[PDB]
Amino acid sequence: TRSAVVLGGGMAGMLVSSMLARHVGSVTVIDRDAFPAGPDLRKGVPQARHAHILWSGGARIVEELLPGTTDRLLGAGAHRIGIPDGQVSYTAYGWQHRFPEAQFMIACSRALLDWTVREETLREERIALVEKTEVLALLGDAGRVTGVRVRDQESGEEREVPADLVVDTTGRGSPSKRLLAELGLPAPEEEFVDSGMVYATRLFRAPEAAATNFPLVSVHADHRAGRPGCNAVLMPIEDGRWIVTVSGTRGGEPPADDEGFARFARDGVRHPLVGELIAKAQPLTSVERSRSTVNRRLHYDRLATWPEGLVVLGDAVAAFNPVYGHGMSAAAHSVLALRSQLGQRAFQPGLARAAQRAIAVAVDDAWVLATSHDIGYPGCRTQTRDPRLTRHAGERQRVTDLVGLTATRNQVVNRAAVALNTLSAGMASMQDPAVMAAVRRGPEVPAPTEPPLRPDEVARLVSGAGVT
């Protein structure tokens, strides 16, 4: 009984459809793109050309929604990288000491992650992916949405797809504002924090022996310094490759050319380690760029009127600067928020509004982590009424910087700081008395004076071939 229509078959659309099929009789996923039969790039997910970190908070939710996914990713060559034990990270506060594992991330190409999630989701035959199809309008009215009107791209024919619940997961470029304006609803409040961040990415073929058990390497901006924020990230992916993404805010954007890429990885960021490591490897692709880095949130949950049977989730409701690595985990938390409301309220007057409010809560930690750190860069453009961003800046930063600095050299503080940043714990966890006592305990290890690489990791950067 009941039917759902999901707009967009990306990460959020697949996750939400796997969940919905356990509550409704049929799910139809509408997408304007064409989908490959294997782990390939596609036009509707251009961001798959750039490094994607799947933090443990999102990975555990993906695993709850689609059992076997984590093992299938690792089984296809994805890397499980412990945090902080498997990371070499020059934070705004200095090198992170590589304490024993507190959290983890999954490292692979976004194309492999998407294919793995999609192929497992679509094993449920009550979910159908309808590709190469445009979304024309929401059916119904401002009181209740009853499906969507679509157009087949190849035939040009239009048809109505009925639904008891419509979930818009069409991503950062979602036409939700247009779809909702055509229903007669008022425009939602738009909040943005735009640092002007530009990404530049190349793929590399690293030394054959490093192809496994190599750390995630990251060189971070100092968000407190009054200069453009620049970063460099080297992440292992499947089949012996490294994806390297460099970035910079307004005034420090990376260049677009292959020859300027390595120079930026050495000299454009605060420490040259990523540039030094790519000199061991072999480039495989020319530079790809992205400007899809604005933190943008649409406050659909605060609209004065909201239709029954309509929910918006994923990048269509809240999209983040990708340097923080939260978007896929925020989408996963949002699918769980909808699932919780479905289990409490089933499908009665109020489900959609309750879910929309719960989704706003679910994305809020990722929103704060990104915006609080982007708002200070020179030339940042903002539109917000969030008092966490507009008021009490001195106090807010005092708490943030104290935890961040102490986390580099204190295992208990790092465990708490890692749990929040991977979206494995909520923001309130940081005010637990044990966390703030450890903060006051202070450092337990010296600050590293050099990148904390292990000898056994650096040894695998060379082959030894030219030696008898």
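So that the term is clear: the rigid core is the largest set of C-alpha atoms that superpose within 1.5 Å between two forms. Residue positions are given as counts along the sequence shown, with the first one as 1.
Asks: With the rigid core held as the alignment frame, decide whether 386 to 394 or 219 to 227 lies farther from the shown form in 4 other deposited structures of this protein, in terms of RMS C-alpha distance.
Replies: Taking the RMS over all superposed structures in 4 other deposited structures of this protein, 386 to 394 lies farther out.
Asks: Between 286 to 294 and 255 to 263, which has the higher average C-alpha B-factor in the PDB entry?
Replies: Result of the comparison: 255 to 263.
Asks: Averaging the C-alpha B factors as listed in the entry, name the stretch that ends up higher: 4 to 12 or 457 to 465.
Replies: That would be 457 to 465.
Asks: So among 423, 61, 428, 417, who wins on Cα B-factor in the entry?
Replies: Top of the list by C-alpha B-factor: 428.
Asks: Between 248, 272, 327, 156, which one tops the list for Cα B-factor in this entry?
Replies: Of the candidates given, the C-alpha B-factor peaks at 156.
Asks: Comparing against every modelled residue in the chain, figure out the third that the C-alpha B-factor of residue 400 lands in (lowest, middle or highest).
Replies: Residue 400: CA B-factor falls in the highest third of its chain.
Asks: Of the three thirds of its chain by CA temperature factor, lowest, middle or highest, which one includes residue 49?
Replies: Middle third of the chain for residue 49's C-alpha B-factor.
Asks: Within this chain's modelled residues, let me know which third the CA B factor of residue 20 belongs to: lowest, middle or highest.
Replies: CA B-factor rank for residue 20: lowest third.
Asks: How does residue 347 rank on Cα B-factor within its chain, lowest, middle or highest third?
Replies: Tercile = highest for this residue's CA B-factor.
Asks: Sort the modelled residues of this chain by their C-alpha B factor and say whether residue 390 lands in the lowest, middle or highest third.
Replies: Middle third.
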